[PDB]
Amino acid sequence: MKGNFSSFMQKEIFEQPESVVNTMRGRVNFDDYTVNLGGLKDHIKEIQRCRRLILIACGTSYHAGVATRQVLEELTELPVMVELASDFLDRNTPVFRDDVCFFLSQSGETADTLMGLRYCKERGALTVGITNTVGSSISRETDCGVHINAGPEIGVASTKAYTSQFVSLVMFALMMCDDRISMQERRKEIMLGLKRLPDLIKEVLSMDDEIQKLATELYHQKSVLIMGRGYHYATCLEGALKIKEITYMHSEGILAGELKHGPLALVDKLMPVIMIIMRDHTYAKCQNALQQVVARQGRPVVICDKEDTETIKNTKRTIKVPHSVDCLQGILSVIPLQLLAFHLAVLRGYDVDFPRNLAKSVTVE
């Protein structure tokens, strides 16, 4: 039972202050800035010997990799490859004995991610499971793993499991660099953001009524282009998938740096556009993308941060989310897009929890 909510998905979205706390429970100690993933305690030293991280997954679990890639590169200093499992297998991707391969899966039974796992094992790679289902195939067949501990997720369109996968990979990253003197201030910045994150998610959830009103403006449209870069590239892909999944509107994520390489031809006053701009090191380049969409008569809705005075000042339609650290900001930025997919589906008369043509786990072929 979902008692208090009319759907599992809305309950799962509004559960994210608690699911994030649950993911970090018994793991992150805020008194002494320590993180310990017991499921990885044995194997961590072996992992630090490896020469490359490969993150292998499908759909939203794939996006959680795209969302943490840069901070994994930053803090591990290893090359990080993120791969859609179906294509990884079609190409007979080269994998080596000193590769560590991560398998990201809410269900733990996704057929292509699991066959990806067995392919890598057969080549002698170290395998790590990041899942939300204890006792699943992927959880059982990996060498080590982390249970994200988000609790059961019933809505086919994933919400809390994405944000808990994201926190889980950030925690792995923090363990990886815990012996580096030069990285200790960075780690402490990150851990203080994680401490603050539950309260900041409660604050994003208070904008539900405002997002319902924007859904009211959009539910007759047939397309929407969601543009972001850097840390927010994953957020645009993930919001795009969520809207496709339960609303059946043609939403597409566009890498903002690619705009002038073709997609900008789609922009005029009739194409709905959502732009994400955060105050990280991509800010000036995102301000360029925005200016270029407006120059071509686009009328974008802009997801920015609450303290971004210059874009709030100069832009009429803003969804203003709280400010966090650059590599956690996408946990906050994705939530209005989760809520927008939900409200659009309600307005169109569609089943938010069990959309047409889809299942929670794709276990066959």
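Start at 1 with the first residue shown and count on from there.
Looking at mean Cα B-factors across 100-108 and 213-221, the upper value is held by 213-221. If you average the C-alpha B-factors over 303-311 and over 26-34, the higher value belongs to 26-34. Between the residues 251, 139, 163, 86, it is 139 that shows the highest Cα B-factor in the PDB record. Of the candidates 72, 171, 278, 156, the one whose C-alpha carries the top B factor in the deposited record is 278. Compared with the other modelled residues of the chain, the Cα B-factor recorded for residue 323 ranks in the middle third.
Ranked by C-alpha B-factor against the other modelled residues of its chain, residue 132 falls in the middle third. In the PDB entry, a CA B factor belonging to the middle third of its chain's modelled residues is recorded for residue 199. Among all modelled residues in its chain, residue 181 ranks in the middle third by Cα B-factor. Split the chain's modelled residues into thirds by C-alpha temperature factor. Residue 50 is in the highest one.
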